[PDB]
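>>> pasting an experimental structure, sequence included:
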Protein chains: 4
Amino acid sequence: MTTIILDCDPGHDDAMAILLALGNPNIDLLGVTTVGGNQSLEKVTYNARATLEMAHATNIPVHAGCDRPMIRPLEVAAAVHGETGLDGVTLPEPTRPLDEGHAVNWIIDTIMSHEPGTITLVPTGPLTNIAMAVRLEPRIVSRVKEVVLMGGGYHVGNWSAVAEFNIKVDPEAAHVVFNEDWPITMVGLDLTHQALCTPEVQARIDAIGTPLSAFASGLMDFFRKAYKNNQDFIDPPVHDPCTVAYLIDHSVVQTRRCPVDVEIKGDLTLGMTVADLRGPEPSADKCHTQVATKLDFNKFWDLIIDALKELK
Amino acid sequence: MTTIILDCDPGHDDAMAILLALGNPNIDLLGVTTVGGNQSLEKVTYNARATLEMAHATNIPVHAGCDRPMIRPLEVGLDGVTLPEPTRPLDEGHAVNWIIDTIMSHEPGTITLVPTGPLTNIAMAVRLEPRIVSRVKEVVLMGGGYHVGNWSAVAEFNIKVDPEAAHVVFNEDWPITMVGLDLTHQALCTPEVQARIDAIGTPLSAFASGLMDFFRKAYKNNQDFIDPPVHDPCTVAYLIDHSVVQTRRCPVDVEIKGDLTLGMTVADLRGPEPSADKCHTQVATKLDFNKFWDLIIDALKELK
Amino acid sequence: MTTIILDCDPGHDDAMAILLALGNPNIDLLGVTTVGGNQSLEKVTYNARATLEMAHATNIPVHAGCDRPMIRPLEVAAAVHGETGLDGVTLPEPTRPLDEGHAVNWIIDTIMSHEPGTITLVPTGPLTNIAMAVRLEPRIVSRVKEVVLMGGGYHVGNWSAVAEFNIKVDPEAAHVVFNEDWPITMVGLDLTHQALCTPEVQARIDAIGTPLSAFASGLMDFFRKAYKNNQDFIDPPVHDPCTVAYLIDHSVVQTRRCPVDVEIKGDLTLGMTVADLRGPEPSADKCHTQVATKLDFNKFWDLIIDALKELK
Amino acid sequence: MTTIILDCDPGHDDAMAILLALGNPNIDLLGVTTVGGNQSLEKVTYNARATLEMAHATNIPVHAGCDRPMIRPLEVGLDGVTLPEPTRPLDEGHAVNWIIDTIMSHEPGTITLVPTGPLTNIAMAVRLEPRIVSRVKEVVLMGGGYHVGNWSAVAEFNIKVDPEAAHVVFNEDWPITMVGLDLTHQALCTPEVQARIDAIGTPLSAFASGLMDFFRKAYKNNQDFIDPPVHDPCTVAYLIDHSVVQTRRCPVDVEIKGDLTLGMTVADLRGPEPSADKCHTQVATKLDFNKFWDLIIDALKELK
Ligand SMILES: [Ca+2]
Ligand SMILES: [Ca+2]
Ligand SMILES: [Ca+2]
Ligand SMILES: [Ca+2]
Ligand SMILES: [Cl-]
Ligand SMILES: [Cl-]
Ligand SMILES: [Cl-]
Ligand SMILES: [Cl-]
Ligand SMILES: [Cl-]
Ligand SMILES: [Cl-]
Ligand SMILES: [Cl-]
Ligand SMILES: [Cl-]
Ligand SMILES: [Cl-]
């Protein structure tokens, strides 16, 4: 079956990815690992545990990982007295204490103890934990089935004209990940900007009528608030769960093989995922990387809705 | 009329741009200036003069310019056609000084610069005489690409040859239209286009058809193209009729420090199209294929 | 008593540092950790264990660390089938097996389990293991007493006009190390180029008349061979043991406090340790880094000779 | 004797270099050219003309050059002295064109370029007319530092203002002497030096002493100096008498991509000194303090 480690930084988008992974029976979520850099490790680790608590999934391990980028300095806003959890919603306090041990060591021990070719890594934050794991244990690379990450963009940027937040937070770590010989699917902004939270989608979620569906709808209210000054969007996109959607059903997220590398020296282009789209599509044999292109909007939202129904 | 200086490096594409500029009555070609870097200054200067001779445009000045990029090292008569020997001698003086003297002696807002090679002469002119910038009506250059590269995944040849010079040009306060690969890759030399050109039945139409044979040869191993694109004349096509080359305003800057992204024209396409007041740069987007080829064919017919 | 972890890549220079650390009673060698990048991890790990065996230090743990730089690609010469050990000398086969576990995790566990302010890190290879340890456990940084590394050069380069080998192999890892708030002594080429293996020094070593003194003299024969085409040297320098010499007696290795950072983006200047020598020497309070300047030649060689005598 | 073009940005240091060039009979000052970037072109051009007026050198041409760096953005009387209004009008024409025309019209191997500001005019001249390079006898510039920086830990102001232009200059095949901070930091304006200048007792010696008062003020918070250094005139001192400014041949290039090291003149001092045949660049090392100040004092006396 599809057996995953979800490496994330919740994050309202990551919370939606957690719900999809838990609610779909074709996904075996081995555990959650967290990474600081976009926001503080402490904040996102709490949010991951509280989200899992909300879904009665406290039997899923959570391990905290790296709190800053490999090389460049940490750039997160100062912690606020009177902020816990995810903005705009309420989550129960986690009943299980955080599992002990660094996420990087847990990722390594897990991959080395399971059969080769069975674990899929699903990074939806900066790539720091993944890069660190690779360097600490190079033998994980050939053992991993696939890496399906939310990050980048071949013709679209958000943080800059050409670069995306997860990659730019730790471009060096991204460079490591993209230059290892493992199969990678880059679920970038080109794809995720199609995953629009339209009124009709949200109404179908609202109608489920459970605490979890109300939670998911609350996440979508936050996306709308976050995107309120962004005139490219009437309705906001949701990013991270598109990775899990791809793994559930490849037809939901079309892909195109191409070389992809990360720019780590440029002024204007720092953090760009440079996709070489010249010439015809190379074979999987010749090209270990592929970019996500076209979303099946209708099937994507059906996956979300079905997962929320299954969780009850 | 639009009055132009064509700064170029012929180059079979540039030769087609020269023919379009001469053959269309809405273009007043003030003169040709040449730039080395993509190919040798000596080769392209000869080719420019000989192309003008082929079109009986012996009244058009040619001045040779810079022979290498501003900063990076130099890394370097048209194949497949025959050109008459020029009857007009090469005009004396550096192209950079001629561009400057011409812009300073003509009324402000009347001259449009049309660079179709590396941007070295334009950047050098700007630095040697900063007063040219507000006097120039527009710069319409063949170069770059917002979502398409050829030399690399993200960068185009004219820009990458001299990224520093391109940086200078894009960061001056003058109106710029970037006619990049996104646009020019639509200007396809189909069998039907070439057959219409062949039917004109003159030495010049045979010359143009020869240029098109070269494009095909240059692109023969490029599987993105059944038929080859033609680049440089799209700049002149835009100036003849804006409807032929649609544009989208956006900030554009040139990457000069990146490993992978060297020479990239970085176009900020986030948010809505800003106004001309707020944004001096625009990228070429959509070609009117039918009208574009009609301009070329009509120019070739007009030249007789 | 200075208690050290020697992180190294033997390397004939590192072998001399091991002998000095073992032979001087003011040094407590907690263990040896190894790093690949300058040469292969497998080669230098064997060499470290065999050197320890030669010096009857079978009680000293060895842990193998990272086999390549953090970010940039591995650039080490192709292996030769009739090479084991250190060129030009013979070492006994190690009787103690390689200790299990990654050096990075061992460095972390050791620093976290010992009292704060007691362990001094002594890196004499690329800085990869040290940088990795810092990122995997940020709590080690304030606990470390001092870092005394062989690397860099403020006004002298060897690999380039301005940069030194250990730093250039992994400039990113060096950047990490130099930008943490721990006290650093940079024992660079400015210093080590004074540690000259003159005929008189080597004759005094030869006269000790033991297997170990012959081994040390053999290391010095290799230095001479390595430097044979280098016209800046009549006699070759020895590098790595100058770190241990500084720790034994500060008067042997004078130092000057100054800001030091590592250039990781330059064309010509890649791997340069940029020392700001403008203005007067700042206080230890204000400046955590210092560069080694002047060697006491006579005292340095006395330390080496005395250590070799003590080992018998 | 040595025939020079002094390309400068006065600047109190440059003013001292002008006085030395004029006052020493082994120097033939062909003319002065000015460059903006460290300070504004308008300010330094006026200051150059007024300094020449102060020294009764109204026969010396001044041409204004570039007002900003080649690529990077512009970031910009003489304080503490009084200068007469220039009686000679600014000579017409851009300095870059004047430098080119002068080098091309004089016999090869006779003109020495002496840049004491950013290298923008020199780089621009080289690119506009590559034939100047082999014709120039030598370039002796004030800039850089092999083991000393001032603007940064490793870089010096003139180079960092326009690192690209410096890169151009250092990578042409002409003989270069880099008179950097390693050298100029020895040219100390001690009380005894200044007392000897004061004793000359003329308007010009008072002017020179005023320049020295400014150096002291500029360096008042710099604890590496009890007495301030003077920079630019060390270039002219080298040309008067090589024994005053010792040199060491070595490869020198300019870092234009680094974060920390931007503008560094990277001198490769590994191995023995290569021959003049093999190595076109050399760095200034040791100043003869006593002889240097005697040259300055003698020049001031000669000017009356
Ligand atoms: Ca996320
Ligand atoms: Ca062209
Ligand atoms: Ca070593
Ligand atoms: Ca100056
Ligand atoms: Cl439904
Ligand atoms: Cl397929
Ligand atoms: Cl074909
Ligand atoms: Cl419009
Ligand atoms: Cl404790
Ligand atoms: Cl002895
Ligand atoms: Cl002290
Ligand atoms: Cl600058
Ligand atoms: Cl003072």
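Ah, there it is. Numbering: from 1, shown residues only, chains lettered A, B, ... in the order given. Ligands and ions are numbered 1, 2, ... in the order given.
>>> assign whatever residue of chain A ends up closest to ligand 3 to helix, strand or coil.
Nearest to ligand 3, among the residues of chain A, is residue A:135, at 20.0 Å (CB to the ion). For every residue, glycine as well, the C-beta is placed using N, CA and C. Recorded secondary structure, residue A:135: helix (DSSP: H, G, I helix; E, B strand; the rest coil).
>>> what's the separation between it and ligand 4?
To ligand 4, residue A:135 is 49 Å away according to CB to the ion, to the nearest Å.
>>> next: residue A:158.
46 Å.
>>> isn't that residue up against residue A:167?
No: taking CB atoms under 8 Å as the definition, residue A:158 is not a contact partner of residue A:167, at 10.5 Å.
>>> looking at the two, which is more packed in?
Neighbours per residue, other CB atoms under 10 Å in any protein chain shown: of residue A:158 and residue A:167, the larger number sits with residue A:167, 30 against 19.
>>> ok, now which ones touch that one?
Residue A:167 makes contact with A:126, A:127, A:151, A:152, A:174, A:262, A:271, A:272, A:273 under the criterion CB atoms under 8 Å, 6 or more residues apart in numbering or on different chains.
>>> what's opposite the nearest residue to residue A:234 once chain neighbours are set aside in the beta bridge?
Spatial nearest neighbour of residue A:234, excluding adjacent residues (CB to CB, 6 or more residues apart in numbering or on different chains): residue A:196 at 8.0 Å. On the basis of DSSP bridges, residue A:196 is bridged to residue A:237.
>>> name the residue most distant from the centre of chain A?
Seen from the C-alpha centroid of chain A, the residue lying at the greatest distance (CA atoms, centre = their mean) is residue A:279, 29.7 Å away.
>>> how about that residue, secondary structure?
Of the three states, residue A:279 takes coil under three-state DSSP.
>>> leaving aside the residues next to it on the chain, what's closest to it?
Excluding the flanking residues, the one nearest residue A:279 by CB to CB, 6+ apart is residue B:223, at 5.7 Å.
>>> which parts of chain A sit against ligand 1?
Within chain A, the positions near ligand 1 by CB under 5 Å from the ion are A:9, A:11, A:14, A:124, A:125, A:240.
>>> hmm, 6 Å instead?
Residues of chain A lying close to ligand 1 by CB under 6 Å from the ion are A:8, A:9, A:11, A:13, A:14, A:124, A:125, A:240.
>>> hmm, the fifth one is touching residue A:125, no?
Same thing as residue A:14. Yes: using CB under 8 Å, residue A:14 is in contact with residue A:125, at 7.1 Å.
>>> what sits in contact with each of these two?
Each of A:8, A:44 lies in contact with both residue A:14 and residue A:125 under the rule CB under 8 Å, 6+ apart.
>>> more neighbours, these two?
Legend: neighbour count by other CB under 10 Å for residue A:14 and residue A:125, higher for residue A:125 (33 against 27).
>>> so what's the more buried one up against?
Shown in contact with residue A:125 (CB under 8 Å, 6+ apart): A:7, A:8, A:9, A:11, A:14, A:34, A:35, A:37, A:38, A:44, A:166, A:169.
>>> returning to what we had before: number of nearby residues for the residue nearest to residue A:234?
For residue A:196, the count of nearby residues is 18 (other CB under 10 Å).
>>> quick check: it vs ligand 1, distance?
Residue A:196 sits 18 Å away from ligand 1, going by CB to the ion.
>>> isn't that residue right up against residue A:239?
No: if you go by CB under 8 Å, residue A:196 and residue A:239 don't touch, sitting 11.6 Å apart.
>>> stretch A:11-28: which residues count as buried?
Neighbour-count burial for stretch A:11-28, counted by 16 or more other CB atoms under 10 Å in any protein chain shown, picks out A:11-24, A:27.
>>> give me the number of residues near residue A:207?
Neighbour count for residue A:207, taken as other CB under 10 Å: 10.
>>> check which helix or strand covers the residue in chain A positioned nearest to chain B.
Per CB to the nearest CB, the residue of chain A with the smallest distance to chain B is residue A:266, at 3.0 Å. Using DSSP states H and E, residue A:266 falls within no helix or strand.
>>> mind listing what it touches?
By CB under 8 Å, 6+ apart, the contact set of residue A:266 is A:272, B:255, B:257, B:258, B:259, B:260, B:261.
>>> how about the helices in chain A?
Assignment of helices within chain A using DSSP state H yields the ranges A:12-23, A:41-54, A:103-113, A:128-136, A:140-143, A:165-169, A:171-178, A:189-192, A:199-208, A:211-226, A:241-248, A:297-311.
>>> count the residues that sit near whatever residue of the stretch 151-300 of chain A ends up closest to ligand 1.
Taking CB to the ion, ligand 1 has its nearest neighbour within the stretch 151-300 of chain A at residue A:240, 5.0 Å off. For residue A:240, the neighbour count with other CB under 10 Å is 31.
>>> surely it is in contact with residue A:17?
Yes: with contact defined as CB under 8 Å, residue A:240 counts as touching residue A:17 (4.1 Å).
>>> can you work out which residues contact both of those two?
Listed as contacting both residue A:240 and residue A:17 by CB under 8 Å, 6+ apart are A:8, A:124, A:150.
>>> ok, residue A:143 - how many residues close by?
Applying other CB under 10 Å, we find 16 residues neighbouring residue A:143.
>>> quick one: contacts for it?
Listed by CB under 8 Å, 6+ apart, the contact partners of residue A:143 are A:111, A:112, A:116, A:117, A:119.
>>> got it, and residue A:85?
The contact partners of residue A:85, taken as CB under 8 Å, 6+ apart, are A:46, A:47, A:50, A:91.
>>> so which of the residues you listed wins on neighbours?
Ranked by the number of neighbours (other CB under 10 Å), the contacts of residue A:85 place residue A:47 first, at 26 neighbours.
>>> please look at that residue and residue A:15 and confirm they touch.
Yes: at 7.1 Å, residue A:47 and residue A:15 qualify as touching, with contact defined as CB under 8 Å.
>>> now for those two: what residues contact both?
Joint contacts of residue A:47 and residue A:15 (CB under 8 Å, 6+ apart) are residue A:86.
>>> and the residue of chain A found nearest ligand 4, what are its phi and psi?
Nearest residue of chain A to ligand 4: residue A:267, at 28.9 Å (CB to the ion). Here is the backbone geometry of residue A:267 (degrees, to the nearest 10): phi -70, psi -70.
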